[PDB]
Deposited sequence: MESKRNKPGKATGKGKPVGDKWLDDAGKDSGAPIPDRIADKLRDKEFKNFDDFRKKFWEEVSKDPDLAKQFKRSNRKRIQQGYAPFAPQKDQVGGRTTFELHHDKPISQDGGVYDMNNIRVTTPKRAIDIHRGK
């Protein structure tokens, strides 16, 4: 399903100054509502394709960009996922990941359902 193409849909959620503090929690972190507006109806070859445009939009949001230090800002500017804190990594999974809160319907592109998580939160892939 992550390798299948499709159309971005949904609203996202309002987000403050400690956005990815939620990434390791039960909920994970939501797609910021304003980021959600910029991706709606775009078509994606696979979920890896959505991931790149998402982090690019995050880098262009000053309120989100400043929640990262210099090296992570350079990554998201290039569409790469930021490094997660070392304690929140799992082996070679060093970077924040995009996952789904609830079952995907017949989907993977529903931005009400997409969560940013730490590798550790999503340890059992």
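For this chain, the deposited residues without C-alpha positions form the stretches 1-3, 110-111, 131-134, given in sequence order.
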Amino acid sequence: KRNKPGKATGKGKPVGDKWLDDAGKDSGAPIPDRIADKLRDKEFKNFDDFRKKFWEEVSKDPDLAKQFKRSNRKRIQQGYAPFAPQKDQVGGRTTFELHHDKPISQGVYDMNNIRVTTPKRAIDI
From here on, numbers count along this sequence of modelled residues.
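Stretches 43-51 and 25-33 differ in mean C-alpha B factor, with the higher average recorded for 43-51. For the pair 64-72 and 91-99, the mean Cα B-factor is higher in 64-72.
Among the modelled residues of the chain, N113 sits in the middle third by CA temperature factor in this PDB entry. Among the modelled residues of the chain, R2 sits in the middle third by CA temperature factor in this PDB entry.
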